[PDB]
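Next up is one chain by itself, shown in structure tokens, the form deposited in one PDB entry.
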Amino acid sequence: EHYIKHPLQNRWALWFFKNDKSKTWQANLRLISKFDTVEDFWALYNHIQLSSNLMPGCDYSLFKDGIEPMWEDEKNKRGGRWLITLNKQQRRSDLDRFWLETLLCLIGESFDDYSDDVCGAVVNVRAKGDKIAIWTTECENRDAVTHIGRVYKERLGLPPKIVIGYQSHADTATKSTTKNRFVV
């Protein structure tokens, strides 16, 4: 009846975004819960919906405690994201897998000397095509951004034929195509 808890390096918060066009974007975001142990992560993951079962327009976000999953956050305003784009068939094939490995990538501190630059990750469930992104705190840190993208792409088994791009939040938020600051 003894249950050991394995600590994580950081405390993490899972966020949920609901699809509702009658409310503003900020009003559709809500905090689910937080955790800082391996056991509490799986407890949360095992009782929430899989990403492939979300209604279109919904998001999941896992960010470090104190960072909100929005581009106006103080830890995100100068940063950016490595973006992955999936087709419709990739949803049943790879969406749930890619998201779980992403979650374990985050909470495992798998980015060597640049783990502190990581802010979180977001998965968007969209009818036009699902997206998964890992957010970093500073888009001008070339060593941090390129290292995080290389580790992330390899840890998710993506073939080298597919090229993933990094984009600044400030550039994305003012888009009137969002150019890539880096490619891996």
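Basically, rigid core = biggest C-alpha set you can superpose within 1.5 Å across the two forms. From 1 onward, residues are counted along the sequence shown.
Only in words, not in the display: the form deposited in another entry, which the text now covers.
Trainee: Superposed on the rigid core, does the Cα of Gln90 end up 2 angstroms or more away between this form and the one not shown?
Mentor: Yes; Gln90 is a residue whose C-alpha shifts (by 2 Å or more) between this form and the one not shown when the cores are overlaid.
Trainee: Which is it in that other deposited form for the CA atoms of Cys105 and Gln90, closer or farther than here, knowing they shift by 3 Å or more?
Mentor: Here the pair is closer than in that other deposited form; there, farther apart.
Trainee: If the CA atoms of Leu106 and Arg91 move by 3 Å or more in that other deposited form, do they move toward each other or away, so closer or farther than here?
Mentor: Relative to the displayed form, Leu106 and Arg91 move farther apart in that other deposited form - a change of at least 3 Å between their C-alphas.
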